[PDB]
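What follows is one chain in structure tokens, specifically the form solved without its partner chain.
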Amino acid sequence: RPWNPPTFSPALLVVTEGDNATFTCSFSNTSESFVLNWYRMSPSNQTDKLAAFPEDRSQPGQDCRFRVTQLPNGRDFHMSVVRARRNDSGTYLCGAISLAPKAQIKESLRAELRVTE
């Protein structure tokens, strides 16, 4: 069955240094075998994983400043950077990897973060 890629709002988020910043990644899953990855961009259009839900069990002890919570409505997720630093500003997105009935990855539209002084 066809499904639509996830949505990632807000499209732009500005926060002064020290505060928490929170995005919402919404995904309308067709099965229960899927993961959501939270990427931060590099200038080469290259994907860099920050965190994922459900948690990646292979590489533990990861940065506890980047968290992904699953809201109990069945489609919404909170990607939050706690105590954002200046260099935490950049381009962010989320991406759904379904594992059934067909393994397929679809990325969300990108969003920006600006941590200020």
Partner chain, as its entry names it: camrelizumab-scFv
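Residues that one form lacks are left out of the comparison. What we label the rigid core is the largest C-alpha set whose atoms superpose within 1.5 Å from one form to the other. Positions refer to the first chain, counted from 1.
A second form of this protein, the form deposited with its partner chain bound, is not displayed here; the remarks below concern that form.
- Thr69 falls outside the set of residues with a heavy atom inside 4.5 Å of its partner chain in the entry with it bound.
- Though the partner is left out of this view, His78 does reach within 4.5 Å of its partner chain in the entry with it bound, counting heavy atoms only.
- Interface residues of 1-15, taken as those with a heavy atom within 4.5 Å of its partner chain in the entry with it bound (partner not displayed): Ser9, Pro10, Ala11, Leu12, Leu13, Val14, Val15, in sequence order.
- 43-45 is the only run of at least 3 consecutive shared residues whose C-alphas each shift by 2 Å or more between the shown form and the other one once the core is superposed.
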